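Remarks on the structure that follows.
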Amino acid sequence: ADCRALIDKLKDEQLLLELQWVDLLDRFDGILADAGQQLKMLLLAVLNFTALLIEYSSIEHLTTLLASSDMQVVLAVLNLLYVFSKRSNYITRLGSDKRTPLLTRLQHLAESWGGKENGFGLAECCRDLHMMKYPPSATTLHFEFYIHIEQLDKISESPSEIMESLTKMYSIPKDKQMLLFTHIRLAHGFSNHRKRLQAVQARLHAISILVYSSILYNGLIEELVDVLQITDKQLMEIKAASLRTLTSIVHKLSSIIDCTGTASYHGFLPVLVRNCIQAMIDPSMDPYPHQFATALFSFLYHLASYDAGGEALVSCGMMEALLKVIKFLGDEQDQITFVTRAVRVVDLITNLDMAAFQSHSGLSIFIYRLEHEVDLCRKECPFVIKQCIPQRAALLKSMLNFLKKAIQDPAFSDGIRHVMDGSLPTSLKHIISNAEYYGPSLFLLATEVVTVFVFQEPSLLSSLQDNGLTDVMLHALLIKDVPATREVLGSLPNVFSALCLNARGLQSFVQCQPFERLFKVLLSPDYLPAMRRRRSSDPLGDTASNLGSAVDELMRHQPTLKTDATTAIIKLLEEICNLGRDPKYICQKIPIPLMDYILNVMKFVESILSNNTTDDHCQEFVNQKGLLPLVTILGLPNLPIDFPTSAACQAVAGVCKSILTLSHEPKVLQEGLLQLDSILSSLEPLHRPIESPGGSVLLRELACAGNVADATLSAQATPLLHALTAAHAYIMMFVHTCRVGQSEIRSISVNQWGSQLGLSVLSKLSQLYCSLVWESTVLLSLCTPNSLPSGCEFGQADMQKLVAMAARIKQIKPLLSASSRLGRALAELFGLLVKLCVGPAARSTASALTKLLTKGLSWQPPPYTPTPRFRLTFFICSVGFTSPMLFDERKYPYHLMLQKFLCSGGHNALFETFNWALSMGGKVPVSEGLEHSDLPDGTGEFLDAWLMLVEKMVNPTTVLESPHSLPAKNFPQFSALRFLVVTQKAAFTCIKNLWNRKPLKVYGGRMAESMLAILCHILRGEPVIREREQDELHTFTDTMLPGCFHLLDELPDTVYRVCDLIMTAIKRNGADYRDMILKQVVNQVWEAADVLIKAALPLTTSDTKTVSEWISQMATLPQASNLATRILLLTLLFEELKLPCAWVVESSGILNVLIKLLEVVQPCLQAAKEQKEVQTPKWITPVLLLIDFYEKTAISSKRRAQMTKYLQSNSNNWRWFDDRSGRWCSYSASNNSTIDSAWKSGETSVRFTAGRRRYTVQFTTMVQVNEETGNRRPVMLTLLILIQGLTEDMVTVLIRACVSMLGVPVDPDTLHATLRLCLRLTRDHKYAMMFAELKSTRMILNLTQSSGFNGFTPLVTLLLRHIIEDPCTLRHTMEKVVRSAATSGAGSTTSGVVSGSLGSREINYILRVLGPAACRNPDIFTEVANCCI
Amino acid sequence: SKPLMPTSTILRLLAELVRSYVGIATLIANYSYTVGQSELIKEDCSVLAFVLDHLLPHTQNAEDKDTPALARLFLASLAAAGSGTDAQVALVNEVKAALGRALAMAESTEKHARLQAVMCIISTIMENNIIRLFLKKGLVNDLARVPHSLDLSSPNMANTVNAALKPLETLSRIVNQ
């Protein structure tokens, strides 16, 4: 536009700017970066114009341009920075890279001169004063950081060269020479008037910028007001700067008011304002400069915006002068702008007083001015139903905003009847009739002034109809094109809510077919920019949703309209169907924006139907047959392939869900199923294979599409791909309607899916699923670079039509995504349908879904397959699909589905897929298959998925305990017990066929872990299922250890599952079997340790390198791979079997062997530290942890033994602590016996019921928790295989080894284990002394962050405390602790009330709090507690 | 490659061993470094003197970020631990000595960081035998003399004076109430 014309004209430049964006601002930033390093005047014009452009990269240059000798450019930079800080926070948000250099130059300009009190008042700086009435220090420099210059005149030349000469003569602080330059150029200036005024003005600007973003003082307001009083009239630019400063200072206001005098009619500011106004009105009196008058009316605006100023503007009666302005001022653009300023001030003043305005007839003055301006537009655009100059449009806008505000204000409610018998409606009639000459926000203001008036006086709507203003509004909002903007669209229904209000208005509104026109907005590209989400953060379709909710409010006020509204909605849908059906349109992301139409219409319909939740709109819409046009939108041929994943498909699904959940109506599902069945019946050619050496049907339908550049964009070019992407959209709608928690909606969904049509669809979807797994895996086999196929023309014949590799891949990828995304949506649908089915027709739905599972597991390709991998990749997703459908999250089955999966089939097929995958179709037996060299590539991945499914299928703790059980009762009753019998029997044989063979290259540790989990579940389960073949599990548990240790050699991470398997075989068998296991593990450890003890005899003869070989031989020998799992297994076994395994570890003497190995490896590790190539033997941490738990166990056994020595084994009285009374109250005899028996068994927790309340005891904490409330209460037991533990000669060697492993920083996890062991050992001060005498605190301080772990600083602090706590210091600290606990009623996690006086003080509880101290040292704790309690 | 026990952690550790064990505070108070024991040591000086002078003051170049907060914790612990007068008297005497040393120090941001950090430690200590000692040693009078040992034009001077006023207000209140 004309901005562009000015740009082309400029691109004599300075002459054009004197007459008066990106590349113009870039040329400007150029010359800015040029001038600051016939030039200055170009810079000045660039600045003076830019200070208009910003008012409707330079910064770093402008800051440097402040270093100017000619203040004109400093002033222009300041005027630009004021325009910035005034309008937007552009310089406030900036970073301190240049914000501080800027603000500091501004501060050095702004800072005070001494004011009146030192003879530097601004008034005196503006009057000449002869230059001899100022302080002699004016023409003087005194800059310190020391420079002083008495007078600047004998060197008056070149102030810039003065500053540079002072740079050379003195070292001026770096980056702060600006305060010197500004003082020096000021002292040059002050000699003369222009330069003094320019310094004054620059200072005032700098103030104002520093306040819009120490400078201010008591005299500043009085100085500014005295600058304004100066009557030489040659100062108007200084007066305008002073007013703009006062304005900045408004944001002292009472002082501004006291000085300016606004509190009275006579007063300097009011009088000045009235003289400005009178000079503006009357031609004779010369007019006050435009800038000055603008500063006056901006100060009045900002002053009125604050209550103290509005009250002052009341008091001086400025409303009379401003109404004088709005009545008598002329028509020229500047006078219009002063009128709009006066209007906005009369607005601010009327937000707190009306009486002056009313007494001055201000509403009549406003209405006359609105008539005059509309009459001046009437010449340009005389049309009235039977471009506007911006300043006049802004006047009209502010004045209509005032009239709207007044109508919404009391003090006009008496009398506002006489607004619409004025001229006003005749001038609104012109704005409404010319929404293209006047802006759309002005046409909006006009219709909102009518709407607000009609809501204040609905009676006089008859008068507005009599003069036809409503009949002009109707024509302008319906028949004439609506101006396309969010606010106008948002308001039309509220306008019609007014125009209907008289019943005659309703008749006239419904006469002109309003909704056929109003709704066309949603199908029109002209209004799509209005529909697009604002801020990019409001919802998709937010504006159509608002419009719909407003039409809902409208037709809930006016129910007669409901039927026509839903008729026009249904015509919208029928037209979207038309635009999607015929070939001539093509959806753009002739191009048509169909997906945006579908999103906007659906957000509109959703809002309408779901707003009131009264099901009157849903009923009307469904009864007018709108669900056919709605549900057809999913199937539209020319919708894109990526439609089903789109927000427009989720919108259609949401409208269907809203209709379902409001109306409880099956008809949405019935119609969706009819149309889905219609689409599924179209693509049966996808089910029929090539019946020749051939690849994909989708790729034979594509390839045979001639040579069309993009076949997939045409519904005739790719009918099956577009039926795929229609079915996908329907399936995503059924997903959305299944994701429903209303049991009634679940029931009617299931009743529909259980129908004859529901099961016809579900059968066709099942065959589609298997077809899509085939097509997707073939397509990926063809996009693979001739690797998966066996050098065969399986799908090449069609790729040769399709077509150097990417040219074919990028044509298939739309097929692959259209088929893989649909498969995933089918799987989601079937999972949701299982959920709905489980929680009569559900039983047929489940039947068809388990027939799908059977079909997927028993599917066999056509006999032209080039490799079994297509079957193994079908099987992997059939298995991964059957898992979600038989088992919930939390792995509990659905017993309906397990019943039908067993009876129908799919269990025999599940296990046949394992037999097929190992035997390769009977080519090799299953027992040889796994280990066979030519086993297919994906047979480990299949077996991982199969084993992960069977692990879920076998578990009795979920299969028997599943929440989703059938009820107890003609039909065959399910038994999860017989299901587990047949499943464990079938699984065991397959595991046999995998028990000992070597593992697969990948997917061998997940195979091993799921196989071990299956064995665990079987071994735990036969004890429970024989309750309601045992010798096979017996012989297995006999021979299994060779396989367990093969797994520990091949796949160390399985050791936790091997431990759990061994523990279940033990809990099946006797201690005679526990001993055999533990002694065999210990003998394996024994030989693996003794070979490493022989691996580290010092290398005297040098036969081996003795450096790299020996250091890494300790870490890499096979034996050193064994120990890392043989010890770890023994440790897990120890943790469960606490005392048997301790007694075996003692009696074998293995602990001596491990101490000797820890000692003998230290020379090796030390030499490795001296190579600076330490690589820690991973087996070290198992040994330290085994020793740790051996001595943990022995501590504890001695304590438990001497605890048993003080208890009667019969009816050990357990007592629970009543904090309120402080009593250890007994349990019932049956509860006490239960708790005692389960403590003696060593169970961590025991459940019991008292008073029908559920209590549980936690022996880790010894707490009874009430399970309903969660209240935790303390408990006690009322008192009335000897593990020798580590001997001194072992502990001494361990301490030395742990210090040496701290010396050489072995590894983080090994330091953690060795420090844990040191922490246990050093709790005896003798060994703490040993650990501190071996200089371990230096090593600990030297340790680098490469050798650190989460617990390091706690653990090290505890170790140092163990060194510090000698018998006496420990005694004194234990005294401190005992006294503290007895004196302070400490709280606890047992609901012992904080600062209680019963519960917090019982000896039997205090000893429980002090338990950590008793463990720290029980003997000392006795001595202390005897002496201090 | 960074050390795993930075001086911050070592300070928190010592603060804990002071707060638990009576003798540790007295042993730390009496312990003193020796000439040429470390790069930062110029002559025989106490551990409390080093913590007050080199570790406690904020400095713009990190070695450990939170050394000063934890030297403040360490000296707080060495005060709070009653330890009779063995620990508290040597703490107070050394804080007074480090104040007088920093006031005699040449005008520098090193001087203002030391001064501000000593005011912060007096304020944290102050938040009753410590107050009795601060009175007996004339610490309040050495705080009041702080501006005598400033250049009153320095851009730091107001911040160090604010810091020295902060314990003076609390102490004058606690005395004269």
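By order of appearance in the structure tokens: chains A, B, ..., then residues from 1 within every chain, and ligands from 1 in the order shown.
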Which residues of chain A come within 10 Å of chain B, and what is each one's closest atom pair and distance in Å (one decimal), counting only C-alpha atoms, sorted by chain and residue number, as CSV?
```
residue,atom,partner,partner_atom,distance
A:145,CA,B:153,CA,9.7
A:1340,CA,B:5,CA,7.8
A:1341,CA,B:5,CA,5.6
A:1342,CA,B:3,CA,6.5
A:1343,CA,B:4,CA,5.5
A:1344,CA,B:3,CA,4.2
A:1345,CA,B:4,CA,4.6
A:1346,CA,B:1,CA,6.2
A:1347,CA,B:4,CA,7.6
A:1348,CA,B:4,CA,6.6
A:1349,CA,B:4,CA,9.6
A:1352,CA,B:4,CA,8.9
A:1353,CA,B:9,CA,7.9
A:1354,CA,B:13,CA,9.4
A:1356,CA,B:13,CA,9.3
A:1357,CA,B:13,CA,6.6
A:1360,CA,B:17,CA,8.8
A:1361,CA,B:17,CA,7.4
A:1364,CA,B:21,CA,8.2
A:1365,CA,B:21,CA,8.4
A:1369,CA,B:21,CA,7.0
A:1370,CA,B:21,CA,8.7
A:1372,CA,B:21,CA,8.6
A:1373,CA,B:20,CA,7.1
A:1376,CA,B:20,CA,9.2
```
Would you list the contacts of stretch 89-106 of chain B as a PDB file with N, CA, C and O atoms, in the first residue's frame, taking every protein, DNA or RNA residue within 7 Å and counting only C-alpha atoms, but skipping same-chain residues closer than 6 positions in sequence?
```pdb
ATOM      1  N   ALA B  29      39.901 -25.436  66.883  1.00  0.00           N
ATOM      2  CA  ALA B  29      40.207 -24.068  67.276  1.00  0.00           C
ATOM      3  C   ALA B  29      41.694 -23.890  67.543  1.00  0.00           C
ATOM      4  O   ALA B  29      42.305 -22.921  67.079  1.00  0.00           O
ATOM      5  N   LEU B  48      40.779 -21.199  61.754  1.00  0.00           N
ATOM      6  CA  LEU B  48      39.670 -20.252  61.757  1.00  0.00           C
ATOM      7  C   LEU B  48      40.048 -18.995  60.996  1.00  0.00           C
ATOM      8  O   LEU B  48      39.206 -18.398  60.318  1.00  0.00           O
ATOM      9  N   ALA B  49      41.321 -18.612  61.057  1.00  0.00           N
ATOM     10  CA  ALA B  49      41.781 -17.426  60.353  1.00  0.00           C
ATOM     11  C   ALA B  49      41.720 -17.653  58.854  1.00  0.00           C
ATOM     12  O   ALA B  49      41.279 -16.780  58.098  1.00  0.00           O
ATOM     13  N   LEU B  52      38.077 -17.659  57.755  1.00  0.00           N
ATOM     14  CA  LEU B  52      37.548 -16.299  57.741  1.00  0.00           C
ATOM     15  C   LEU B  52      38.099 -15.469  56.591  1.00  0.00           C
ATOM     16  O   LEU B  52      37.398 -14.593  56.074  1.00  0.00           O
ATOM     17  N   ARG B 114      35.949  -9.347  52.393  1.00  0.00           N
ATOM     18  CA  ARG B 114      36.282  -9.833  53.727  1.00  0.00           C
ATOM     19  C   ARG B 114      35.406  -9.185  54.788  1.00  0.00           C
ATOM     20  O   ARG B 114      34.869  -9.866  55.672  1.00  0.00           O
ATOM     21  N   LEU B 115      35.261  -7.865  54.728  1.00  0.00           N
ATOM     22  CA  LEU B 115      34.477  -7.161  55.731  1.00  0.00           C
ATOM     23  C   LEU B 115      33.031  -7.634  55.723  1.00  0.00           C
ATOM     24  O   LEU B 115      32.469  -7.966  56.772  1.00  0.00           O
ATOM     25  N   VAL B 118      32.683 -11.091  57.223  1.00  0.00           N
ATOM     26  CA  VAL B 118      32.791 -11.112  58.677  1.00  0.00           C
ATOM     27  C   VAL B 118      31.536 -10.550  59.333  1.00  0.00           C
ATOM     28  O   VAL B 118      31.091 -11.051  60.372  1.00  0.00           O
ATOM     29  N   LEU B 139      33.759  -5.931  70.403  1.00  0.00           N
ATOM     30  CA  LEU B 139      33.473  -6.166  68.999  1.00  0.00           C
ATOM     31  C   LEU B 139      32.501  -5.126  68.461  1.00  0.00           C
ATOM     32  O   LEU B 139      32.615  -4.693  67.310  1.00  0.00           O
ATOM     33  N   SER B 149      37.847   3.309  59.118  1.00  0.00           N
ATOM     34  CA  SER B 149      38.797   2.535  58.342  1.00  0.00           C
ATOM     35  C   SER B 149      38.246   2.268  56.949  1.00  0.00           C
ATOM     36  O   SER B 149      38.587   1.267  56.314  1.00  0.00           O
TER      37      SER B 149
END
```
Review point. Stretch 1181-1192 of chain A: which residues within 7 Å, counting only C-alpha atoms, same-chain residues fewer than 5 positions away excluded, as a PyMOL selection string?
Key: chain A and resi 1124+1127-1128+1131+1142+1154+1285-1286+1310+1313-1314+1317
Practice item. Write out as an MDAnalysis selection string each polymer residue whose atoms come within 8 Å of residue A:291, counting only C-alpha atoms; drop sequence neighbours fewer than 4 positions from it. Key: chainID A and resid 237 240 295
Please produce an output containing N, CA and C atoms for each residue in the selection, written as a short mmCIF file (atom, residue, chain, number, x, y, z; two decimals), in the first residue's frame.
```cif
data_model
loop_
_atom_site.label_atom_id
_atom_site.label_comp_id
_atom_site.auth_asym_id
_atom_site.auth_seq_id
_atom_site.Cartn_x
_atom_site.Cartn_y
_atom_site.Cartn_z
N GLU A 237 8.83 23.98 22.55
CA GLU A 237 9.41 22.64 22.56
C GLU A 237 9.93 22.25 23.94
N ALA A 240 6.68 21.49 25.91
CA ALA A 240 6.23 20.15 25.57
C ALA A 240 7.10 19.07 26.18
N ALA A 295 0.78 17.47 23.89
CA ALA A 295 1.35 17.14 25.19
C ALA A 295 0.40 17.52 26.30
#
```
Exercise: residue A:1374 partners within 7 Å, only C-alpha atoms, chain neighbours under 6 positions left out, as a compact mmCIF listing (two decimals) with N, CA and C atoms, in the first residue's frame:
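Below is the file that was written, around_16.txt:
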```txt
# COMPACT_ATOMS: atom_id res chain seq x y z
N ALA A 1413 20.77 -46.20 68.76
CA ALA A 1413 21.86 -46.03 69.70
C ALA A 1413 22.24 -47.34 70.37
N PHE A 1421 25.16 -48.34 75.70
CA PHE A 1421 23.80 -47.84 75.82
C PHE A 1421 23.14 -48.29 77.12
N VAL A 1424 24.81 -46.04 79.92
CA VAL A 1424 24.26 -44.69 79.84
C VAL A 1424 22.81 -44.66 80.30
```
Review point. Could you pull out the helix (DSSP H, G or I) residues of chain B from DSSP and send them as a VMD selection string?
Key: chain B and resid 7 to 20 22 to 30 47 to 55 67 to 80 86 to 104 109 to 126 129 to 136 139 to 144 146 to 149 157 to 176
Review point. Using only C-alpha atoms, which residues sit within 9 Å of residue A:226 once same-chain residues fewer than 5 positions away are excluded, as number ranges by chain?
Key: A: 122-123, 221
Expected file: the selected residues, N, CA, C and O atoms, as a PDB file, in the first residue's frame:
```pdb
ATOM      1  N   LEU A 122      15.477  25.150  36.009  1.00  0.00           N
ATOM      2  CA  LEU A 122      15.189  25.021  34.585  1.00  0.00           C
ATOM      3  C   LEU A 122      14.570  26.287  34.012  1.00  0.00           C
ATOM      4  O   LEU A 122      14.856  26.663  32.870  1.00  0.00           O
ATOM      5  N   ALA A 123      13.738  26.975  34.794  1.00  0.00           N
ATOM      6  CA  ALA A 123      13.222  28.265  34.356  1.00  0.00           C
ATOM      7  C   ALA A 123      14.353  29.235  34.055  1.00  0.00           C
ATOM      8  O   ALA A 123      14.335  29.929  33.032  1.00  0.00           O
ATOM      9  N   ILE A 221       9.164  19.087  40.005  1.00  0.00           N
ATOM     10  CA  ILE A 221       7.809  19.460  39.605  1.00  0.00           C
ATOM     11  C   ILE A 221       7.650  20.976  39.546  1.00  0.00           C
ATOM     12  O   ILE A 221       7.089  21.522  38.588  1.00  0.00           O
TER      13      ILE A 221
END
```
Practice item. State, in Å with one decimal place, the distance from atom CA of residue B:15 to atom CA of residue B:78. Key: 7.2 Å
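From atom CA of residue A:929 back to atom CA of residue A:915, the distance works out to 9.2 Å.
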